>>> print(open('input07.cif').read())   # mmCIF, C-alpha atoms and all ligand atoms
data_structure
loop_
_atom_site.group_PDB
_atom_site.id
_atom_site.type_symbol
_atom_site.label_atom_id
_atom_site.label_comp_id
_atom_site.auth_asym_id
_atom_site.auth_seq_id
_atom_site.Cartn_x
_atom_site.Cartn_y
_atom_site.Cartn_z
ATOM 1 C CA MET Z 1 189.557 205.978 183.484
ATOM 2 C CA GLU Z 2 185.990 204.692 183.626
ATOM 3 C CA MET Z 3 184.726 202.859 180.554
ATOM 4 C CA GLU Z 4 181.779 204.853 179.159
ATOM 5 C CA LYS Z 5 183.598 208.178 179.257
ATOM 6 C CA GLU Z 6 186.898 206.789 178.067
ATOM 7 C CA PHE Z 7 184.703 205.522 175.213
ATOM 8 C CA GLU Z 8 183.338 208.954 174.257
ATOM 9 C CA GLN Z 9 186.817 210.432 174.601
ATOM 10 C CA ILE Z 10 188.201 207.966 172.026
ATOM 11 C CA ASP Z 11 185.247 208.528 169.685
ATOM 12 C CA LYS Z 12 185.564 212.323 169.815
ATOM 13 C CA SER Z 13 189.348 212.131 169.338
ATOM 14 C CA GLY Z 14 189.143 209.395 166.679
ATOM 15 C CA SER Z 15 192.028 207.394 168.169
ATOM 16 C CA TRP Z 16 190.723 203.792 168.101
ATOM 17 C CA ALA Z 17 193.508 202.691 165.750
ATOM 18 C CA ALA Z 18 196.164 204.071 168.113
ATOM 19 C CA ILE Z 19 194.621 202.445 171.197
ATOM 20 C CA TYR Z 20 194.416 199.116 169.371
ATOM 21 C CA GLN Z 21 198.005 199.310 168.136
ATOM 22 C CA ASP Z 22 199.198 199.908 171.714
ATOM 23 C CA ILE Z 23 197.501 196.641 172.714
ATOM 24 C CA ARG Z 24 199.210 194.813 169.855
ATOM 25 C CA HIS Z 25 202.581 196.216 170.941
ATOM 26 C CA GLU Z 26 202.163 195.246 174.623
ATOM 27 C CA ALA Z 27 200.769 191.755 174.030
ATOM 28 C CA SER Z 28 202.609 188.644 175.203
ATOM 29 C CA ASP Z 29 204.803 186.557 172.888
ATOM 30 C CA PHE Z 30 205.265 182.900 173.888
ATOM 31 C CA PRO Z 31 206.518 179.968 171.806
ATOM 32 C CA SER Z 32 204.213 177.857 169.602
ATOM 33 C CA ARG Z 33 206.699 175.169 168.541
ATOM 34 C CA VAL Z 34 204.293 172.224 168.442
ATOM 35 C CA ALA Z 35 201.921 174.080 166.068
ATOM 36 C CA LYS Z 36 204.775 174.680 163.601
ATOM 37 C CA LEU Z 37 206.004 171.088 163.303
ATOM 38 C CA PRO Z 38 205.701 169.870 159.684
ATOM 39 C CA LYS Z 39 203.394 166.979 160.604
ATOM 40 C CA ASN Z 40 200.804 169.548 161.781
ATOM 41 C CA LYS Z 41 200.620 171.753 158.684
ATOM 42 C CA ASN Z 42 197.198 170.412 157.632
ATOM 43 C CA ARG Z 43 195.889 170.835 161.211
ATOM 44 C CA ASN Z 44 196.143 174.652 161.015
ATOM 45 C CA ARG Z 45 193.768 176.847 159.040
ATOM 46 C CA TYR Z 46 195.981 179.936 159.003
ATOM 47 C CA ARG Z 47 199.781 180.008 159.189
ATOM 48 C CA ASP Z 48 199.856 183.130 161.396
ATOM 49 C CA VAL Z 49 197.312 181.875 164.028
ATOM 50 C CA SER Z 50 198.758 179.280 166.423
ATOM 51 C CA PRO Z 51 198.229 178.167 170.057
ATOM 52 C CA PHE Z 52 201.014 178.877 172.536
ATOM 53 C CA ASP Z 53 202.703 175.711 173.802
ATOM 54 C CA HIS Z 54 201.976 176.520 177.469
ATOM 55 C CA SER Z 55 198.195 176.815 177.090
ATOM 56 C CA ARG Z 56 197.387 174.474 174.184
ATOM 57 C CA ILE Z 57 194.773 171.740 174.562
ATOM 58 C CA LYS Z 58 196.288 168.265 174.205
ATOM 59 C CA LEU Z 59 194.329 165.399 172.683
ATOM 60 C CA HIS Z 60 194.558 162.151 174.722
ATOM 61 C CA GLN Z 61 196.378 160.287 171.996
ATOM 62 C CA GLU Z 62 199.943 159.055 171.778
ATOM 63 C CA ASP Z 63 200.384 159.377 168.001
ATOM 64 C CA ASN Z 64 199.685 163.108 167.595
ATOM 65 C CA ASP Z 65 198.141 165.145 170.397
ATOM 66 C CA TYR Z 66 197.886 168.422 168.439
ATOM 67 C CA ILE Z 67 194.828 170.587 167.859
ATOM 68 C CA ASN Z 68 194.726 174.351 167.202
ATOM 69 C CA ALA Z 69 192.982 175.212 170.515
ATOM 70 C CA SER Z 70 193.909 177.166 173.688
ATOM 71 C CA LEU Z 71 192.724 177.168 177.358
ATOM 72 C CA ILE Z 72 191.951 180.712 178.493
ATOM 73 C CA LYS Z 73 191.818 180.555 182.381
ATOM 74 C CA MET Z 74 190.581 183.805 184.021
ATOM 75 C CA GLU Z 75 191.554 183.585 187.702
ATOM 76 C CA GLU Z 76 189.694 186.502 189.332
ATOM 77 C CA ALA Z 77 186.524 186.045 187.277
ATOM 78 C CA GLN Z 78 186.590 182.284 187.921
ATOM 79 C CA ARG Z 79 185.815 181.425 184.313
ATOM 80 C CA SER Z 80 187.535 179.261 181.729
ATOM 81 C CA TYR Z 81 187.091 179.043 177.956
ATOM 82 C CA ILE Z 82 188.560 176.947 175.153
ATOM 83 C CA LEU Z 83 189.116 179.067 171.986
ATOM 84 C CA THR Z 84 189.648 177.121 168.751
ATOM 85 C CA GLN Z 85 189.634 177.532 164.972
ATOM 86 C CA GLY Z 86 186.654 176.419 162.888
ATOM 87 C CA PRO Z 87 187.197 172.695 162.233
ATOM 88 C CA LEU Z 88 188.874 171.598 158.965
ATOM 89 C CA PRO Z 89 187.834 168.561 156.871
ATOM 90 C CA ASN Z 90 190.691 166.576 158.446
ATOM 91 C CA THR Z 91 190.160 167.781 162.079
ATOM 92 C CA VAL Z 92 186.402 167.337 162.629
ATOM 93 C CA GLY Z 93 187.103 164.102 164.531
ATOM 94 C CA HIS Z 94 189.779 165.840 166.653
ATOM 95 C CA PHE Z 95 187.288 168.590 167.480
ATOM 96 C CA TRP Z 96 184.680 166.236 168.925
ATOM 97 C CA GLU Z 97 187.425 164.246 170.686
ATOM 98 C CA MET Z 98 188.409 167.464 172.531
ATOM 99 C CA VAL Z 99 184.776 168.211 173.450
ATOM 100 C CA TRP Z 100 184.535 164.697 174.936
ATOM 101 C CA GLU Z 101 187.888 164.645 176.741
ATOM 102 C CA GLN Z 102 187.482 168.114 178.257
ATOM 103 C CA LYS Z 103 183.885 167.418 179.521
ATOM 104 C CA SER Z 104 182.388 170.456 177.815
ATOM 105 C CA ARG Z 105 178.631 171.032 177.815
ATOM 106 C CA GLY Z 106 178.367 173.750 175.144
ATOM 107 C CA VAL Z 107 179.884 174.742 171.776
ATOM 108 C CA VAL Z 108 179.633 178.413 170.726
ATOM 109 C CA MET Z 109 179.847 179.087 166.920
ATOM 110 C CA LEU Z 110 180.097 182.730 165.750
ATOM 111 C CA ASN Z 111 180.451 182.270 161.941
ATOM 112 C CA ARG Z 112 178.461 180.783 159.045
ATOM 113 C CA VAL Z 113 179.855 177.764 157.175
ATOM 114 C CA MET Z 114 180.130 179.969 154.045
ATOM 115 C CA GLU Z 115 180.916 183.704 154.252
ATOM 116 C CA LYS Z 116 182.153 186.022 151.450
ATOM 117 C CA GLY Z 117 181.662 183.145 148.980
ATOM 118 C CA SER Z 118 184.308 180.912 150.633
ATOM 119 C CA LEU Z 119 184.240 178.100 153.192
ATOM 120 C CA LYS Z 120 185.021 179.310 156.732
ATOM 121 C CA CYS Z 121 184.717 175.916 158.457
ATOM 122 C CA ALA Z 122 183.619 172.350 157.778
ATOM 123 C CA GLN Z 123 179.989 171.217 158.176
ATOM 124 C CA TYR Z 124 180.841 169.435 161.417
ATOM 125 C CA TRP Z 125 177.400 168.628 162.866
ATOM 126 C CA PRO Z 126 174.400 166.762 161.396
ATOM 127 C CA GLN Z 127 171.576 168.674 159.758
ATOM 128 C CA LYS Z 128 168.871 165.991 159.941
ATOM 129 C CA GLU Z 129 167.820 163.777 162.852
ATOM 130 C CA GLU Z 130 167.813 160.589 160.790
ATOM 131 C CA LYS Z 131 171.325 161.200 159.260
ATOM 132 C CA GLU Z 132 173.845 160.891 162.092
ATOM 133 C CA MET Z 133 177.641 161.372 161.753
ATOM 134 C CA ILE Z 134 180.351 158.855 162.610
ATOM 135 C CA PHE Z 135 183.979 159.962 163.085
ATOM 136 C CA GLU Z 136 185.978 156.797 162.503
ATOM 137 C CA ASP Z 137 189.411 158.176 163.362
ATOM 138 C CA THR Z 138 188.305 159.053 166.937
ATOM 139 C CA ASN Z 139 185.432 156.528 167.435
ATOM 140 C CA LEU Z 140 182.598 158.975 168.138
ATOM 141 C CA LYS Z 141 178.982 159.213 166.987
ATOM 142 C CA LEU Z 142 177.033 162.475 166.777
ATOM 143 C CA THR Z 143 173.233 162.788 166.416
ATOM 144 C CA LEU Z 144 170.964 165.839 166.008
ATOM 145 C CA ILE Z 145 168.239 165.656 168.711
ATOM 146 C CA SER Z 146 166.434 168.985 168.191
ATOM 147 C CA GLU Z 147 166.896 172.420 166.624
ATOM 148 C CA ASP Z 148 165.356 175.810 167.506
ATOM 149 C CA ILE Z 149 165.838 178.525 164.826
ATOM 150 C CA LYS Z 150 165.391 182.130 165.948
ATOM 151 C CA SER Z 151 165.933 185.414 164.121
ATOM 152 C CA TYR Z 152 169.552 186.003 165.238
ATOM 153 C CA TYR Z 153 170.706 182.554 166.406
ATOM 154 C CA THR Z 154 169.942 178.822 166.483
ATOM 155 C CA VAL Z 155 170.228 176.393 169.436
ATOM 156 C CA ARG Z 156 170.693 172.693 168.791
ATOM 157 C CA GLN Z 157 170.621 169.714 171.105
ATOM 158 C CA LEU Z 158 173.156 167.054 170.118
ATOM 159 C CA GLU Z 159 174.027 163.587 171.462
ATOM 160 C CA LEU Z 160 177.698 162.582 171.514
ATOM 161 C CA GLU Z 161 178.463 158.887 172.035
ATOM 162 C CA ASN Z 162 181.868 157.427 172.777
ATOM 163 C CA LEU Z 163 181.627 154.226 170.735
ATOM 164 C CA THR Z 164 184.440 152.581 172.729
ATOM 165 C CA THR Z 165 182.579 152.765 176.077
ATOM 166 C CA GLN Z 166 178.987 153.346 174.853
ATOM 167 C CA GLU Z 167 178.716 156.370 177.171
ATOM 168 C CA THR Z 168 176.561 159.244 175.909
ATOM 169 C CA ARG Z 169 176.340 162.976 176.689
ATOM 170 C CA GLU Z 170 174.137 165.880 175.714
ATOM 171 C CA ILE Z 171 175.953 168.814 174.028
ATOM 172 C CA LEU Z 172 174.347 172.226 173.393
ATOM 173 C CA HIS Z 173 175.259 174.028 170.119
ATOM 174 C CA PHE Z 174 174.778 177.806 170.264
ATOM 175 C CA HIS Z 175 175.088 179.264 166.741
ATOM 176 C CA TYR Z 176 175.099 183.030 166.275
ATOM 177 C CA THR Z 177 174.041 183.315 162.609
ATOM 178 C CA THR Z 178 173.849 187.072 161.879
ATOM 179 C CA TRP Z 179 177.335 188.558 162.316
ATOM 180 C CA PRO Z 180 177.852 190.579 159.067
ATOM 181 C CA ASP Z 181 180.328 189.463 156.382
ATOM 182 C CA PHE Z 182 182.183 192.741 156.740
ATOM 183 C CA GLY Z 183 182.578 194.931 159.839
ATOM 184 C CA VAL Z 184 180.756 194.477 163.170
ATOM 185 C CA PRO Z 185 177.063 194.696 164.190
ATOM 186 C CA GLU Z 186 175.635 198.208 164.523
ATOM 187 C CA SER Z 187 174.022 197.432 167.922
ATOM 188 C CA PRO Z 188 175.267 194.929 170.531
ATOM 189 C CA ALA Z 189 171.723 194.021 171.556
ATOM 190 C CA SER Z 190 171.438 190.704 169.715
ATOM 191 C CA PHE Z 191 174.979 189.627 170.663
ATOM 192 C CA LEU Z 192 174.235 190.311 174.368
ATOM 193 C CA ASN Z 193 170.912 188.465 174.202
ATOM 194 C CA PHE Z 194 172.888 185.524 172.742
ATOM 195 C CA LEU Z 195 175.520 185.651 175.490
ATOM 196 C CA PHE Z 196 172.764 185.600 178.113
ATOM 197 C CA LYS Z 197 171.209 182.539 176.447
ATOM 198 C CA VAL Z 198 174.514 180.671 176.628
ATOM 199 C CA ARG Z 199 174.832 181.672 180.294
ATOM 200 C CA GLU Z 200 171.298 180.530 181.181
ATOM 201 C CA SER Z 201 171.983 177.071 179.701
ATOM 202 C CA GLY Z 202 174.667 176.204 182.307
ATOM 203 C CA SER Z 203 177.382 175.814 179.648
ATOM 204 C CA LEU Z 204 179.665 178.428 181.236
ATOM 205 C CA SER Z 205 179.341 177.150 184.788
ATOM 206 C CA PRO Z 206 181.957 175.398 186.951
ATOM 207 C CA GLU Z 207 180.057 172.075 187.111
ATOM 208 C CA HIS Z 208 181.085 171.455 183.473
ATOM 209 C CA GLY Z 209 184.286 171.514 181.459
ATOM 210 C CA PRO Z 210 185.152 174.757 179.648
ATOM 211 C CA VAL Z 211 182.873 175.952 176.878
ATOM 212 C CA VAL Z 212 184.345 175.577 173.339
ATOM 213 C CA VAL Z 213 184.047 178.830 171.313
ATOM 214 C CA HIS Z 214 185.072 179.337 167.704
ATOM 215 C CA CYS Z 215 184.766 181.398 164.570
ATOM 216 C CA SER Z 216 186.970 180.925 161.519
ATOM 217 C CA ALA Z 217 190.381 181.594 163.086
ATOM 218 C CA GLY Z 218 189.256 181.500 166.737
ATOM 219 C CA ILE Z 219 190.601 184.947 167.766
ATOM 220 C CA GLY Z 220 188.370 187.754 166.443
ATOM 221 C CA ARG Z 221 184.623 187.271 167.129
ATOM 222 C CA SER Z 222 185.612 184.544 169.634
ATOM 223 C CA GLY Z 223 187.741 187.055 171.542
ATOM 224 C CA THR Z 224 184.848 189.482 171.654
ATOM 225 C CA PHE Z 225 182.589 186.856 173.216
ATOM 226 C CA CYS Z 226 184.888 185.908 176.109
ATOM 227 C CA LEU Z 227 186.101 189.471 176.726
ATOM 228 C CA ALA Z 228 182.542 190.757 177.116
ATOM 229 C CA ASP Z 229 181.513 187.845 179.381
ATOM 230 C CA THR Z 230 184.536 188.179 181.683
ATOM 231 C CA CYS Z 231 184.257 191.984 181.984
ATOM 232 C CA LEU Z 232 180.532 191.784 182.908
ATOM 233 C CA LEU Z 233 181.275 189.095 185.527
ATOM 234 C CA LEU Z 234 184.015 191.253 187.097
ATOM 235 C CA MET Z 235 181.664 194.261 187.251
ATOM 236 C CA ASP Z 236 179.207 192.110 189.279
ATOM 237 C CA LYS Z 237 181.853 190.654 191.616
ATOM 238 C CA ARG Z 238 183.800 193.801 192.632
ATOM 239 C CA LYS Z 239 182.885 196.498 195.156
ATOM 240 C CA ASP Z 240 183.717 199.188 192.564
ATOM 241 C CA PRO Z 241 182.506 198.171 189.071
ATOM 242 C CA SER Z 242 184.105 201.242 187.433
ATOM 243 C CA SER Z 243 187.509 199.729 188.260
ATOM 244 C CA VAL Z 244 187.142 197.132 185.494
ATOM 245 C CA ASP Z 245 189.703 197.983 182.787
ATOM 246 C CA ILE Z 246 188.760 196.292 179.512
ATOM 247 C CA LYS Z 247 192.214 196.827 177.980
ATOM 248 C CA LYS Z 248 193.884 195.175 180.961
ATOM 249 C CA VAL Z 249 191.493 192.224 180.768
ATOM 250 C CA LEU Z 250 192.195 191.827 177.057
ATOM 251 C CA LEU Z 251 195.973 191.803 177.700
ATOM 252 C CA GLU Z 252 195.495 189.135 180.391
ATOM 253 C CA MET Z 253 193.523 186.958 177.945
ATOM 254 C CA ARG Z 254 196.240 187.451 175.315
ATOM 255 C CA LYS Z 255 198.674 185.672 177.656
ATOM 256 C CA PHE Z 256 196.781 182.487 176.722
ATOM 257 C CA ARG Z 257 196.025 182.915 172.950
ATOM 258 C CA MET Z 258 197.549 185.284 170.396
ATOM 259 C CA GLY Z 259 195.627 187.897 168.442
ATOM 260 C CA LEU Z 260 192.381 188.157 170.393
ATOM 261 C CA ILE Z 261 190.371 191.052 168.939
ATOM 262 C CA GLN Z 262 191.515 191.413 165.306
ATOM 263 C CA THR Z 263 190.549 195.022 164.441
ATOM 264 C CA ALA Z 264 189.963 198.397 166.077
ATOM 265 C CA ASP Z 265 186.293 198.043 165.117
ATOM 266 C CA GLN Z 266 186.097 194.799 167.108
ATOM 267 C CA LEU Z 267 187.711 196.621 170.049
ATOM 268 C CA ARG Z 268 185.135 199.424 169.902
ATOM 269 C CA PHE Z 269 182.308 196.901 169.595
ATOM 270 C CA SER Z 270 183.535 195.106 172.753
ATOM 271 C CA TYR Z 271 183.416 198.374 174.703
ATOM 272 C CA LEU Z 272 179.892 199.017 173.423
ATOM 273 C CA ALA Z 273 178.742 195.540 174.446
ATOM 274 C CA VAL Z 274 180.109 195.771 178.010
ATOM 275 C CA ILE Z 275 178.685 199.275 178.465
ATOM 276 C CA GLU Z 276 175.164 198.377 177.369
ATOM 277 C CA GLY Z 277 175.258 195.053 179.129
ATOM 278 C CA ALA Z 278 176.168 196.603 182.460
ATOM 279 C CA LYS Z 279 172.902 198.581 182.396
ATOM 280 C CA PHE Z 280 170.720 195.589 181.735
ATOM 281 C CA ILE Z 281 172.292 193.550 184.507
ATOM 282 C CA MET Z 282 170.853 195.926 187.104
HETATM 283 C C1 LIG W 1 193.728 175.021 155.333
HETATM 284 N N1 LIG W 1 192.852 174.043 154.683
HETATM 285 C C2 LIG W 1 191.849 174.292 154.033
HETATM 286 N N2 LIG W 1 191.559 175.630 153.878
HETATM 287 N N3 LIG W 1 191.221 173.261 153.577
HETATM 288 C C3 LIG W 1 191.853 172.311 154.016
HETATM 289 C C4 LIG W 1 191.632 170.958 153.811
HETATM 290 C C5 LIG W 1 192.532 170.093 154.416
HETATM 291 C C6 LIG W 1 193.538 170.546 155.140
HETATM 292 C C7 LIG W 1 193.794 171.839 155.288
HETATM 293 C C8 LIG W 1 192.856 172.757 154.661
#
>>> encode(input="input07.cif", output="C-alpha cells", more="lines below")
Ligand SMILES: Cn1c(N)nc2ccccc21
Amino acid sequence: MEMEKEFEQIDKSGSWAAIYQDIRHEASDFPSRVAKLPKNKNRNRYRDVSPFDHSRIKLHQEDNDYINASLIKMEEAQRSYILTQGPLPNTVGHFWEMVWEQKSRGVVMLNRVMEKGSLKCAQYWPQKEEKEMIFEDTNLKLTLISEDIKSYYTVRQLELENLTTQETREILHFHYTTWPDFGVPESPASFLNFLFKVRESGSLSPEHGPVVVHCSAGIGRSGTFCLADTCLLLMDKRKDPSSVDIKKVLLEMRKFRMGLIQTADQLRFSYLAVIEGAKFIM
C-alpha cells in the first residue's frame, strides 16, 4: 500500500502495536559473540543491546578492538551510517578513536546527558573553548571551536587532533536537544528541520566517512533518524515514489543492528516524518 493511506488505515483501526510486533517477529537474528565476551562487559551500556559480529565497527588496536557500534550500509539509497550507544566513562576515548579511524565528518546526538534524573551518556565533548579534553588511552585531543544554540538544537564545531601524527580535522556536532523524556514529539517539523541541517553540512555525503549517530542505546531515536533519511532519499531517486515501503526499509536496516525503532509510537512517528517531509521536498 501507499504510505499516507496505510497510515490513516492503521490509525482508524488502532493496530500500531500489531504492526510493530510483526516487525519484531520478522527481524534478523545474527550472532554477537564478541560483544558478550567477559572482557567487554564494561564496554556495553545495556546487556540486551549488542552489535552483530558481521557489521560491528572494529577499532584499529591489537589489544581489544571492541566498541558497541554497527555499520548500517544502505545499497540502493547509497548511504551509510554508524549507529552507536552513548559513550560510557570508560569508552569516551574509544568513541573518538572510531570517529578518527572511520574518517567521519559529523556526530549526531539525539539525547541529553541527563534525562529522567539519570545519566544517559558521558559528557564527552568540551563545554568551554579554553578547557580542551585529552584522551590518554587513545592519544587524541579535542577542542571546542564554536557553538551555535538554537531553540530545538545546537551545532558545535570541534577540532580533533591525532597527537601521534599531529594531524587535525574539523568535526561537526549536531545535537538535537528537545526530544521529550517520555513519548515522541507531537509534530515532526523540528526533527525534519534538524535532519535537513545535517544534510546541508555535507556530513552525510560520500566524500566523507559515515556519520556517527547515537542516543542512549543507539537503536530507538537513532533508528528513527536513519530510517527517515533513507526513505526520503529513495522517494527522490525512484520513478514511482509511492513504491517506498517503510516497513521493508526498516527490516533491511535491522539486518545490520538489532532493535531499531523501540516502540510502536516511534514507528508511527517515523511514518509521520517521512510523510510530511515528502511534501516539503517538492
Ligand atoms: C553501564 N555503565 C554505567 N551505566 N556506568 C558505567 C561506568 C563504567 C562502566 C560501565 C557503566
>>> closest_atom_pairs(input="input07.cif", of="range 213-279 of chain Z", to="range 32-42 of chain Z", cutoff="12 Å", atoms="only C-alpha atoms", output="tab-separated table")
residue	atom	partner	partner_atom	distance
Z:256	CA	Z:32	CA	11.3
Z:257	CA	Z:32	CA	10.2
Z:258	CA	Z:32	CA	10.0
>>> write_last_selection(input="input07.cif", atoms="C-alpha atoms", output="PDB file, keeping the file's coordinate frame")
ATOM      1  CA  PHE Z 256     196.781 182.487 176.722  1.00  0.00           C
ATOM      2  CA  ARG Z 257     196.025 182.915 172.950  1.00  0.00           C
ATOM      3  CA  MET Z 258     197.549 185.284 170.396  1.00  0.00           C
TER       4      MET Z 258
END
>>> residues_around(input="input07.cif", residues="residue 100 in chain Z", least_positions_apart="4", cutoff="9 Å", atoms="all atoms listed in the file", output="list in words")
residues 95, 96, 104, 160, 161, 162 and 169 of chain Z
>>> resolve_selection(input="input07.cif", expression="the PyMOL selection byres (((not hetatm)) within 8 of (chain W and resi 1))", output="PyMOL selection string")
chain Z and resi 41-46+88-90+119
>>> resolve_selection(input="input07.cif", expression="the PyMOL selection byres (((chain Z and resi 54) around 10) and not hetatm)", output="JSON, numbers by chain")
{"Z": [30, 31, 32, 51, 52, 53, 55, 56, 57, 70, 71, 255, 256, 257]}
>>> resolve_selection(input="input07.cif", expression="the PyMOL selection byres (((chain Z and resi 280) around 12) and not hetatm)", output="number ranges by chain")
Z: 189, 192-193, 196, 232, 236, 273-279, 281-282
>>> closest_residue(input="input07.cif", among="Z:94, Z:248, Z:199, Z:150", to="residue 79 in chain Z", atoms="only C-alpha atoms")
Z:199
>>> residues_around(input="input07.cif", residues="range 171-178 of chain Z", least_positions_apart="3", cutoff="6 Å", atoms="all atoms listed in the file", output="compact mmCIF listing (two decimals) with C-alpha atoms, in the coordinates of the input")
# COMPACT_ATOMS: atom_id res chain seq x y z
CA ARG Z 105 178.63 171.03 177.82
CA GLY Z 106 178.37 173.75 175.14
CA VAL Z 107 179.88 174.74 171.78
CA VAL Z 108 179.63 178.41 170.73
CA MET Z 109 179.85 179.09 166.92
CA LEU Z 110 180.10 182.73 165.75
CA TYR Z 152 169.55 186.00 165.24
CA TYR Z 153 170.71 182.55 166.41
CA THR Z 154 169.94 178.82 166.48
CA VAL Z 155 170.23 176.39 169.44
CA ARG Z 156 170.69 172.69 168.79
CA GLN Z 157 170.62 169.71 171.10
CA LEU Z 158 173.16 167.05 170.12
>>> residues_around(input="input07.cif", residues="range 123-129 of chain Z", least_positions_apart="3", cutoff="7 Å", atoms="only C-alpha atoms", output="NGL selection string")
:Z and (92 or 113 or 132-133 or 143-145)
>>> axis_aligned_box(input="input07.cif", around="range 123-134 of chain Z", padding_each_side="6 Å", output="lines of an AutoDock Vina configuration file")
center_x = 174.3
center_y = 165.0
center_z = 160.5
size_x = 25.0
size_y = 24.4
size_z = 16.7
>>> atom_distance(input="input07.cif", atom1="CA of residue 84 in chain Z", atom2="CA of residue 245 in chain Z")
25.1 Å
>>> atom_distance(input="input07.cif", atom1="CA of residue 16 in chain Z", atom2="CA of residue 181 in chain Z")
21.2 Å
>>> atom_distance(input="input07.cif", atom1="CA of residue 86 in chain Z", atom2="CA of residue 185 in chain Z")
20.7 Å
>>> closest_residue(input="input07.cif", among="Z:179, Z:260, Z:146, Z:62", to="residue 219 in chain Z", atoms="only C-alpha atoms")
Z:260
>>> closest_residue(input="input07.cif", among="Z:138, Z:9, Z:266, Z:111", to="residue 59 in chain Z", atoms="all atoms listed in the file")
Z:138
>>> closest_residue(input="input07.cif", among="Z:149, Z:264, Z:250, Z:272", to="residue 20 in chain Z", atoms="only C-alpha atoms")
Z:264
>>> closest_residue(input="input07.cif", among="Z:230, Z:61, Z:190, Z:222", to="residue 76 in chain Z", atoms="all atoms listed in the file")
Z:230
>>> closest_residue(input="input07.cif", among="Z:159, Z:167, Z:130, Z:97", to="residue 67 in chain Z", atoms="only C-alpha atoms")
Z:97
>>> build_atoms(input="input07.cif", residues="range 109-125 of chain Z", atoms="N, CA and C atoms", output="short mmCIF file (atom, residue, chain, number, x, y, z; two decimals), in the coordinates of the input")
data_model
loop_
_atom_site.label_atom_id
_atom_site.label_comp_id
_atom_site.auth_asym_id
_atom_site.auth_seq_id
_atom_site.Cartn_x
_atom_site.Cartn_y
_atom_site.Cartn_z
N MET Z 109 179.43 178.84 168.32
CA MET Z 109 179.85 179.09 166.92
C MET Z 109 179.41 180.49 166.48
N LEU Z 110 180.37 181.32 166.04
CA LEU Z 110 180.10 182.73 165.75
C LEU Z 110 180.24 183.07 164.25
N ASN Z 111 180.34 182.07 163.39
CA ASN Z 111 180.45 182.27 161.94
C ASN Z 111 179.40 181.40 161.24
N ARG Z 112 179.22 181.65 159.94
CA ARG Z 112 178.46 180.78 159.04
C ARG Z 112 179.44 179.90 158.28
N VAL Z 113 178.98 178.72 157.86
CA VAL Z 113 179.86 177.76 157.18
C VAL Z 113 180.43 178.39 155.90
N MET Z 114 179.63 179.17 155.18
CA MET Z 114 180.13 179.97 154.04
C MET Z 114 179.88 181.45 154.31
N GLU Z 115 180.95 182.24 154.20
CA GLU Z 115 180.92 183.70 154.25
C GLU Z 115 181.81 184.24 153.13
N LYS Z 116 181.40 185.37 152.55
CA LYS Z 116 182.15 186.02 151.45
C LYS Z 116 182.44 185.06 150.29
N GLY Z 117 181.52 184.14 150.03
CA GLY Z 117 181.66 183.14 148.98
C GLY Z 117 182.71 182.07 149.16
N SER Z 118 183.26 181.90 150.36
CA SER Z 118 184.31 180.91 150.63
C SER Z 118 183.97 180.14 151.91
N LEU Z 119 184.52 178.94 152.04
CA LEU Z 119 184.24 178.10 153.19
C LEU Z 119 185.07 178.55 154.40
N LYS Z 120 184.39 178.85 155.51
CA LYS Z 120 185.02 179.31 156.73
C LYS Z 120 185.18 178.22 157.79
N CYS Z 121 184.41 177.13 157.71
CA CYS Z 121 184.72 175.92 158.46
C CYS Z 121 183.91 174.76 157.89
N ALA Z 122 184.30 173.54 158.27
CA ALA Z 122 183.62 172.35 157.78
C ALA Z 122 182.19 172.28 158.34
N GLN Z 123 181.33 171.51 157.66
CA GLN Z 123 179.99 171.22 158.18
C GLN Z 123 180.16 170.07 159.17
N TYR Z 124 180.34 170.41 160.45
CA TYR Z 124 180.84 169.44 161.42
C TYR Z 124 179.76 168.89 162.35
N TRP Z 125 178.50 169.23 162.12
CA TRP Z 125 177.40 168.63 162.87
C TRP Z 125 176.31 168.19 161.90
#
